[PDB]
Amino acid sequence: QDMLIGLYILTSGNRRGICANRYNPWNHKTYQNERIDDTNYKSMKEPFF
Amino acid sequence: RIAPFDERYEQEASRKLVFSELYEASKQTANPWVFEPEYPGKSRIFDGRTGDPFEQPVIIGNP
Amino acid sequence: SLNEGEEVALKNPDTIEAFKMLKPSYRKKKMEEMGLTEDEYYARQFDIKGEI
Amino acid sequence: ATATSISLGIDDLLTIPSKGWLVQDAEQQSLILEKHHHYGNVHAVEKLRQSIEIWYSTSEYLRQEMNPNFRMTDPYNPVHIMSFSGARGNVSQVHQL
Amino acid sequence: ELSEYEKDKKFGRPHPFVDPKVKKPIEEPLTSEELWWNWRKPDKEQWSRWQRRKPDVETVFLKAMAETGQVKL
Amino acid sequence: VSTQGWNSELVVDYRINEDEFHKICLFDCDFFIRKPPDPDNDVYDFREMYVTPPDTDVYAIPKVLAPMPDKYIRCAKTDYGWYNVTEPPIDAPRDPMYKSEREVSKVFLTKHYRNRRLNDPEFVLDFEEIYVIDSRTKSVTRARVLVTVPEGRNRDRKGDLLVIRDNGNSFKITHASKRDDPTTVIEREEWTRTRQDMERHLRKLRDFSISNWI
Amino acid sequence: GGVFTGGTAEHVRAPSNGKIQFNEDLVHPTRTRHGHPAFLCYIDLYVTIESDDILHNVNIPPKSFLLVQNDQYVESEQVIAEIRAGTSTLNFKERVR
């Protein structure tokens, strides 16, 4: 029981879909949009260990 | 001193009693962790040997 | 409808009528097609049945 | 299992949302049939054979709708994690709470 | 363009599940008289223990931030 | 045995040397295209093709569903694979705990820009012409790539990002500046596919008509 | 204790709110074991429900026990037709008073 619950919680993954984003990621916006690619570049994305 | 089968007066009467008493205890004595209004009856306790909060709220009481 | 069986197809005549008469709109159709208007279709069920 | 921690409160016992309607509708048919049983419309066996069947069908419908409710709205409910992971607690046992 | 929704489904803003552009009403189904005695709703509302909505916690938060504009019920 | 159609895989009773052909390994078939001599194996004379079951000597011309080139085109070879990772049974100690094999199902062939060289400082893929080699149903088809770039016909070919999609069917060309992040594409399909499931699950509730919030 | 594992029966519930529509001519009147009027169907019917924008088709196999009439309003989840047979949902017969 206890070790099983620990291992299940460990291997449970992230939140897949609508439980991780309130709004749709289609949402054509936040592109840092202009005629050139020289804008603010944050791109939090995910770590690249 | 609660007689058994208090669910005759109401529906979920024990829940009302417990939650109202918890809220009154949290309000009269300013202890906002007694009645957390997002998971009532539970609170987030810390670790005695790391100073870290256990990730999920834990039910505490005085049995 | 209890003479036939527990759950069987109702093919007996005068039993389909009982099943079909559960709808009040059908009772209206039955009485108007025979006539007698209203207030008399109610009073014709109290008649003595048997050796008149 | 410690750092994350789990515990059982009162609001983690998550009754499925549709129980409010199913039990109410089950009571209506039990009220109507027991009212017609006094009118001679049905006999004793039919009343017995139905009061066993509404509450068996309704109870077995809530039981089969428990996991789909848990697995879509509250995937990390403490009762769900304890039983769905296979640690302790049957599906039937959770159905009692 | 994309409807009067602005396709709120495509964006994710609060919006009714059904389309408020057809919403075609019912077509006068059978009324109480033309129904068998098992489905009748016997014309006098019956007392039942399950007649008041369950208090619940999230029904309080949904009403709480509906006033603050974060929720469109 | 020209580049004719239509939906007949005519068999051939003559063995043909494959040391002058192109070995295109697929899952349920093995397409063959003639290889004219060249320094770096970069010409595909289509004309005569032959498709065979995987590693079999029985030859047969494939099914042609679109016109094919009649000249020497320098193109590139792609693939569309899954890497099945099924876990086999364990019989003896030290037996493998997992398996792996590619399942190439579509071999797109993208023409070079006016058939340039491999090392010349003008390398650009010509994304207009792409030919699809299926595996489930042995056949060769020309792609129907689409261009949303406002420049249209007159544009710079030194970077026009191409997007392929579900099962090698959709084909779009977009400016290389507006390339989607790896996380955004994954999150996009997850959001769309799980919003249908949530709506489908909630459809059975009595209050679904009068509702809101997704 | 008191509750065990045994047999059940099959029920068909409405896909959603709507208006049951079908041909009342192909079914043959009956009386359910609960004492209610119903409809035996010996063939494959296609009962349709006009759920405003949707036209959910319900599949009814033969030897079923349609419990609903034509043009009858139905709620979301509510039994409208039994699938097969009936009885106390078990194997073989006994005799009780």
# chains A, B, ... in the order shown; residues from 1 in each chain; ligands from 1

$ residues_around --residues "residue F:138" --least-positions-apart "6" --cutoff "12 Å" --atoms "only C-alpha atoms" --output "list in words"
residues 7, 8, 9, 10, 26, 27, 28, 29, 30, 31, 32, 49, 50, 51, 52, 53, 54, 60, 61, 62, 63, 64, 65, 105, 106, 107 and 132 of chain F

$ residues_around --residues "stretch 24-28 of chain A" --least-positions-apart "4" --cutoff "9 Å" --atoms "only C-alpha atoms" --output "list in words"
residues 18 of chain A; 9, 10, 11, 12 and 13 of chain E; 184, 185, 187, 188, 191 and 192 of chain F

$ write_last_selection --atoms "C-alpha atoms" --output "compact mmCIF listing (two decimals), in the first residue's frame"
# COMPACT_ATOMS: atom_id res chain seq x y z
CA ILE A 18 -7.22 21.73 -20.25
CA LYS E 9 -14.49 27.66 -28.23
CA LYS E 10 -11.37 28.29 -30.32
CA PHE E 11 -10.05 30.72 -27.69
CA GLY E 12 -11.46 29.32 -24.45
CA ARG E 13 -13.50 32.20 -23.07
CA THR F 184 3.23 24.49 -28.34
CA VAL F 185 2.48 21.78 -30.92
CA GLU F 187 0.07 21.31 -26.01
CA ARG F 188 -2.13 22.25 -28.98
CA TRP F 191 -5.87 20.88 -25.46
CA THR F 192 -8.07 20.13 -28.48

$ atom_distance --atom1 "atom CA of residue G:74" --atom2 "atom CA of residue D:20"
17.3 Å

$ closest_atom_pairs --of "chain E" --to "chain F" --cutoff "6 Å" --atoms "only C-alpha atoms" --output "CSV"
residue,atom,partner,partner_atom,distance
E:12,CA,F:214,CA,5.5
E:14,CA,F:213,CA,4.2
E:15,CA,F:212,CA,5.0
E:16,CA,F:212,CA,4.3
E:17,CA,F:212,CA,5.7
E:18,CA,F:209,CA,5.7

$ write_last_selection --atoms "C-alpha atoms" --output "PDB file, in the first residue's frame"
ATOM      1  CA  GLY E  12     -11.460  29.320 -24.454  1.00  0.00           C
ATOM      2  CA  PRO E  14     -16.669  31.396 -21.113  1.00  0.00           C
ATOM      3  CA  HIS E  15     -19.528  30.583 -23.478  1.00  0.00           C
ATOM      4  CA  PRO E  16     -22.703  28.457 -23.433  1.00  0.00           C
ATOM      5  CA  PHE E  17     -22.256  24.832 -24.431  1.00  0.00           C
ATOM      6  CA  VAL E  18     -25.195  25.008 -26.853  1.00  0.00           C
TER       7      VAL E  18
END

$ select_by_dssp --residues "chain C" --states "alpha helix (DSSP H)" --output "PyMOL selection string"
chain C and resi 16-20+24-34

$ closest_residue --among "F:201, F:178, F:22, F:206" --to "chain A" --atoms "only C-alpha atoms"
F:178

$ residues_around --residues "residue C:9" --least-positions-apart "5" --cutoff "7 Å" --atoms "only C-alpha atoms" --output "PyMOL selection string"
chain G and resi 28-30+40

$ write_last_selection --atoms "C-alpha atoms" --output "compact mmCIF listing (two decimals), in the first residue's frame"
# COMPACT_ATOMS: atom_id res chain seq x y z
CA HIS G 28 -46.35 -5.29 -29.99
CA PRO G 29 -48.10 -4.34 -26.77
CA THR G 30 -46.98 -6.02 -23.50
CA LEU G 40 -41.88 -5.71 -27.26

$ closest_atom_pairs --of "chain G" --to "chain C" --cutoff "12 Å" --atoms "only C-alpha atoms" --output "CSV"
residue,atom,partner,partner_atom,distance
G:24,CA,C:20,CA,11.9
G:27,CA,C:9,CA,9.3
G:28,CA,C:9,CA,6.0
G:29,CA,C:10,CA,5.4
G:30,CA,C:9,CA,5.3
G:31,CA,C:7,CA,5.6
G:32,CA,C:7,CA,5.6
G:33,CA,C:6,CA,6.2
G:34,CA,C:6,CA,9.6
G:35,CA,C:6,CA,9.2
G:36,CA,C:7,CA,10.3
G:37,CA,C:19,CA,7.7
G:38,CA,C:7,CA,9.7
G:39,CA,C:9,CA,8.5
G:40,CA,C:9,CA,6.7
G:41,CA,C:9,CA,9.4
G:42,CA,C:9,CA,10.0
G:63,CA,C:8,CA,10.5
G:64,CA,C:7,CA,11.0
G:65,CA,C:7,CA,9.3
G:69,CA,C:23,CA,10.8
G:84,CA,C:7,CA,11.9
G:85,CA,C:7,CA,9.1
G:86,CA,C:7,CA,9.1
G:87,CA,C:6,CA,10.0

$ residues_around --residues "residue D:36" --least-positions-apart "3" --cutoff "12 Å" --atoms "only C-alpha atoms" --output "list in words"
residues 29, 30, 31, 32, 33, 39, 40, 41, 42, 43, 44, 46 and 47 of chain D; 37, 38 and 42 of chain E; 35 and 36 of chain G

$ interface_residues --of "chain D" --to "chain A" --cutoff "9 Å" --atoms "only C-alpha atoms" --output "PyMOL selection string"
chain D and resi 1-2+4-5+81-82+85-88

$ decode --residues "stretch 69-164 of chain F" --atoms "C-alpha atoms" --output "mmCIF file, in the first residue's frame"
data_model
loop_
_atom_site.group_PDB
_atom_site.id
_atom_site.type_symbol
_atom_site.label_atom_id
_atom_site.label_comp_id
_atom_site.auth_asym_id
_atom_site.auth_seq_id
_atom_site.Cartn_x
_atom_site.Cartn_y
_atom_site.Cartn_z
ATOM 1 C CA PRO F 69 8.802 13.441 -63.994
ATOM 2 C CA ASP F 70 10.311 12.317 -67.290
ATOM 3 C CA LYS F 71 13.751 13.863 -66.666
ATOM 4 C CA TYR F 72 16.655 13.545 -64.219
ATOM 5 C CA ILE F 73 15.667 15.204 -60.933
ATOM 6 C CA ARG F 74 18.036 15.587 -57.984
ATOM 7 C CA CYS F 75 15.839 15.075 -54.920
ATOM 8 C CA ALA F 76 16.100 14.031 -51.271
ATOM 9 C CA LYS F 77 14.803 10.913 -49.523
ATOM 10 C CA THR F 78 12.701 11.169 -46.353
ATOM 11 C CA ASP F 79 10.768 8.731 -44.168
ATOM 12 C CA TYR F 80 7.834 8.533 -41.740
ATOM 13 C CA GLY F 81 8.460 6.051 -38.930
ATOM 14 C CA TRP F 82 7.117 5.172 -35.480
ATOM 15 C CA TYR F 83 9.780 3.098 -33.638
ATOM 16 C CA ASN F 84 7.592 0.418 -32.083
ATOM 17 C CA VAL F 85 8.942 -0.372 -28.599
ATOM 18 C CA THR F 86 6.922 -3.486 -27.721
ATOM 19 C CA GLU F 87 8.239 -5.508 -24.779
ATOM 20 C CA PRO F 88 8.980 -9.154 -25.649
ATOM 21 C CA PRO F 89 8.787 -12.092 -23.229
ATOM 22 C CA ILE F 90 11.778 -13.128 -21.131
ATOM 23 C CA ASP F 91 12.820 -16.777 -21.503
ATOM 24 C CA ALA F 92 16.394 -17.006 -20.179
ATOM 25 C CA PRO F 93 18.509 -14.636 -18.054
ATOM 26 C CA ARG F 94 19.908 -11.592 -19.887
ATOM 27 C CA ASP F 95 17.102 -11.704 -22.458
ATOM 28 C CA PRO F 96 16.238 -8.232 -23.802
ATOM 29 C CA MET F 97 13.626 -6.263 -21.877
ATOM 30 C CA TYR F 98 12.380 -4.295 -24.903
ATOM 31 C CA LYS F 99 12.270 -4.341 -28.700
ATOM 32 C CA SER F 100 12.674 -1.644 -31.339
ATOM 33 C CA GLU F 101 12.251 -1.496 -35.107
ATOM 34 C CA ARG F 102 11.401 1.319 -37.497
ATOM 35 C CA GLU F 103 8.022 1.231 -39.242
ATOM 36 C CA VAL F 104 8.585 3.596 -42.168
ATOM 37 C CA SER F 105 5.203 4.160 -43.808
ATOM 38 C CA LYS F 106 5.747 7.119 -46.167
ATOM 39 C CA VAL F 107 8.828 8.190 -48.131
ATOM 40 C CA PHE F 108 8.481 11.760 -49.376
ATOM 41 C CA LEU F 109 10.914 12.850 -52.097
ATOM 42 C CA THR F 110 11.604 16.592 -52.266
ATOM 43 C CA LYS F 111 13.150 18.019 -55.427
ATOM 44 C CA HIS F 112 16.177 20.289 -55.247
ATOM 45 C CA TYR F 113 15.867 23.909 -56.358
ATOM 46 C CA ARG F 114 16.583 23.542 -60.095
ATOM 47 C CA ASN F 115 18.692 20.451 -59.292
ATOM 48 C CA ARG F 116 21.689 22.108 -57.645
ATOM 49 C CA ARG F 117 24.585 20.261 -55.995
ATOM 50 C CA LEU F 118 24.981 18.917 -52.431
ATOM 51 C CA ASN F 119 27.942 21.122 -51.434
ATOM 52 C CA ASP F 120 27.473 24.243 -53.575
ATOM 53 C CA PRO F 121 26.720 27.410 -51.524
ATOM 54 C CA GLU F 122 23.192 27.687 -52.942
ATOM 55 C CA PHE F 123 21.497 24.672 -51.332
ATOM 56 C CA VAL F 124 17.707 25.045 -51.229
ATOM 57 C CA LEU F 125 15.037 22.351 -51.306
ATOM 58 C CA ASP F 126 12.303 22.880 -53.897
ATOM 59 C CA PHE F 127 9.258 22.191 -51.728
ATOM 60 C CA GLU F 128 6.785 22.699 -54.588
ATOM 61 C CA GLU F 129 7.268 19.149 -55.927
ATOM 62 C CA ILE F 130 7.094 16.303 -53.393
ATOM 63 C CA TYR F 131 6.244 12.672 -54.185
ATOM 64 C CA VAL F 132 4.738 10.342 -51.577
ATOM 65 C CA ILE F 133 5.529 6.616 -51.483
ATOM 66 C CA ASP F 134 2.865 4.862 -49.429
ATOM 67 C CA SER F 135 3.365 1.478 -47.778
ATOM 68 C CA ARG F 136 -0.119 0.399 -46.702
ATOM 69 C CA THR F 137 -1.265 0.524 -50.349
ATOM 70 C CA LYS F 138 1.720 0.464 -52.715
ATOM 71 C CA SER F 139 1.396 3.663 -54.758
ATOM 72 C CA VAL F 140 3.244 6.880 -55.593
ATOM 73 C CA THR F 141 1.476 10.242 -55.406
ATOM 74 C CA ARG F 142 2.550 13.843 -55.901
ATOM 75 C CA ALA F 143 2.005 16.081 -52.893
ATOM 76 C CA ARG F 144 -0.345 19.076 -52.862
ATOM 77 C CA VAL F 145 1.762 21.471 -50.776
ATOM 78 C CA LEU F 146 0.210 24.828 -49.868
ATOM 79 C CA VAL F 147 1.905 28.213 -49.461
ATOM 80 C CA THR F 148 0.508 30.836 -47.079
ATOM 81 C CA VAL F 149 3.500 33.180 -47.474
ATOM 82 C CA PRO F 150 2.276 36.609 -48.691
ATOM 83 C CA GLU F 151 5.175 36.807 -51.164
ATOM 84 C CA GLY F 152 3.497 34.099 -53.239
ATOM 85 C CA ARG F 153 5.283 33.012 -56.401
ATOM 86 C CA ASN F 154 8.058 35.620 -56.112
ATOM 87 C CA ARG F 155 9.917 34.993 -52.855
ATOM 88 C CA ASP F 156 13.239 34.016 -51.324
ATOM 89 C CA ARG F 157 13.672 30.242 -51.297
ATOM 90 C CA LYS F 158 16.477 30.435 -48.694
ATOM 91 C CA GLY F 159 14.158 29.343 -45.908
ATOM 92 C CA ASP F 160 10.430 28.596 -46.231
ATOM 93 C CA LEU F 161 9.517 26.251 -43.392
ATOM 94 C CA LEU F 162 7.361 23.307 -44.476
ATOM 95 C CA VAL F 163 4.800 21.781 -42.111
ATOM 96 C CA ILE F 164 3.520 18.236 -42.492
#
